[PDB]
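Here is how the chains run, residue by residue.
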Amino acid sequence: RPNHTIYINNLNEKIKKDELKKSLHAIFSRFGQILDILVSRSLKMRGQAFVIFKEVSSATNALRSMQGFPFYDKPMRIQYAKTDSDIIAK
RNA sequence: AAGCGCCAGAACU
RNA sequence: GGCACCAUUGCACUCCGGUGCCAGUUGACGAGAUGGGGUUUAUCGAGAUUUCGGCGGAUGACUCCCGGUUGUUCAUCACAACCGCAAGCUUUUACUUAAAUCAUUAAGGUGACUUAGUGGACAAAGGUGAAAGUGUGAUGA
Ligand SMILES: N[C@@H]1[C@@H](O)[C@H](O)[C@@H](COP(=O)(O)O)O[C@@H]1O
Ligand SMILES: [Mg+2]
Ligand SMILES: [Mg+2]
């Protein structure tokens, strides 16, 4: 079902880790306070992000509102995290 | 203040 | 680390697909050492290392000079070795001669790395005094 962490994909792979990590924070900061955004660039983890909210309330609203939103010329695909994240789980 | 200087090899980011 | 091109729609949380091409970073730790000219592969140890490879320089070495020291107390030549404030050869002997490494803890940088402090060290080539044996002939005052 729902989760503190939201899984975003279909992100522009041409954008560098830190720029993407900050450009994400710009738009998701209104829904609630973000604990950490996790972005890698490997073959397995590129075009994806892990915006973690302290509140699931924020995660639900962010999912509803930002679904399909144009981000670097590419529409976002937002799900919930399949499993909890460590800064929540621990 | 001369085992001292710079850097298309090469290792490393 | 970054651009590009191929490949990838991918649920991760100690970094990490392939191909090129550009940027960056590392690249000698101190001791030692300059009369002039030419020549050549330029002294010494420390360090587990790239202190590798290339280029340049260089106070080294050889060798011909310029001066000087010393050669049976003085000079001027021969001849021999020597010195460029320091000066004939050999030997035994005594004293003198660092900084990195390290280990630390601070700054900076995505980054490999950088610059700086603290801790105690640990050399060799040299250098110094001491002895011991010793080093031409010709001519002149
Ligand atoms: N003092 C050193 C010398 O001992 C060394 O011969 C020379 C050449 O160095 P390299 O052999 O790295 O070219 O450099 C310096 O001058
Ligand atoms: Mg490869
Ligand atoms: Mg070299």
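Residues numbered from 1 in each chain as written, not as in the entry; some residues may be left out. Chains lettered and ligands numbered in written order. Heavy atoms only, no water. Residues with missing side-chain atoms left out of burial classes, pairs and counts.

As named in the PDB entry, chain A is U1 small nuclear ribonucleoprotein A, taken from Homo sapiens.

A closer look at the overall build of chain A
Which entries qualify depends on this criterion: Put simply, DSSP H or I for four residues or longer makes a helix, DSSP E for two residues or longer makes a strand, and each gets a number counted from the N terminus. The size measure is the radius of gyration over C-alpha atoms, and the globule rule it meets is 2.2 Å times the number of residues to the 0.38 power. Any two residues whose heavy atoms approach within 4.5 Å at even a single point are treated as in contact.
Counting secondary structure elements, chain A contains three helices and six strands. The C-alpha atoms of chain A give 12 Å as radius of gyration, which agrees with the globular expectation for 90 residues (12 Å, within 12%). Along the first, second and third principal axes, the C-alpha atoms of chain A reach 30 × 25 × 20 Å. Within chain A, contacts between residues at least 6 apart in sequence are counted, and of these 66% link residues at least 24 apart.

A closer look at the protein's contact with RNA strand C
To be explicit about the condition: For this purpose, a residue is taken to be near a molecule or strand whenever a single non-hydrogen atom of the residue falls within 4 Å of it. Pairing of N or O atoms within 3.5 Å defines a polar contact, subject to two protein rules: one partner must be a possible hydrogen donor and the other a possible acceptor, and residues neighboring in sequence count only if both atoms are side-chain atoms. Following the grouping adopted for this structure description, the nonpolar residues are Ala, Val, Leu, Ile, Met, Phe, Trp, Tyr, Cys and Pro, the charged ones are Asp, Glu, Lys and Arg, and the polar ones are all others, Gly among them.
Near RNA strand C you find 25 residues, and of these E13, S40, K44, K74 and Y80 are the closest. For RNA strand C, the fraction of atoms within 4 Å of the protein that belong to sugar or phosphate moieties is 31%. Interatomic distance of 3.0 Å between a side-chain N/O atom of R46 and a base nitrogen of RNA strand C. Measuring from a base oxygen of RNA strand C, one finds a side-chain N or O atom of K74 at 2.8 Å. If you list the elements that add at least two residues to the surface near RNA strand C, you get β1 (5-9) and β6 (77-80). Sorting elements by how many residues they give to the surface near RNA strand C places β6 first, with three residues. For the surface near RNA strand C, the class distribution of residues is seven nonpolar, nine polar and nine charged.

A closer look at the nonpolar core
Selection rule: What we call a nonpolar core is a set of buried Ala, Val, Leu, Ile, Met, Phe, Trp, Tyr and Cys residues that are connected through their side-chain atoms within 4.5 Å. Three exposure classes are used, based on accessible area relative to the maximum for each residue type with a 1.4 Å probe and protein chains only: buried under 20%, partly exposed in between, and exposed over 50%.
With 21 residues, the main nonpolar core has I6, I8, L24, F28, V51 and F53 as its most contacted residues. Mapped by element, the contributors of at least two residues to this core are β1, α1 (17-28), β2 (34-38), β3 (49-53) and α2 (56-66). The dominant element in this core, judged by the number of residues it contributes, is α2, at four residues. If we ignore the near neighbours within four places in the chain, the residues touching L24 are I8, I37, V39, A49, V51, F71 and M76.

Thoughts on the sheet that holds β1
Strand pairs in the sheet, formed through backbone hydrogen bonds, run parallel or antiparallel to each other. Here is the rule we go by: Any two strands with at least two DSSP-identified bridges between them are counted as paired. Orientation is described by lines fitted to C-alpha atoms, with helices fitted over the stretch in contact, and by angles between N-to-C directions that extend from 0 to 180 degrees.
In spatial order, the strands read β2-β3-β1-β6; together these four strands make up an open sheet with antiparallel pairing. Looking at strand neighbours, the two that pair on one side only are β2 and β6, the edges of this open sheet. Going from strand to strand, the sheet's axes swing by 20 degrees on average, the running direction of each strand aside. Bridging between β1 and β6 involves four bridges; their strand directions are antiparallel. Along β6, the bridge assignment pairs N9 with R77. Sitting on the sheet, α1 is in contact with β1, β2, β3 and β6, with an inclination near 145 degrees to β2. Its contacts with the sheet place α2 against β1, β3 and β6, and it is angled at close to 155 degrees to β6.

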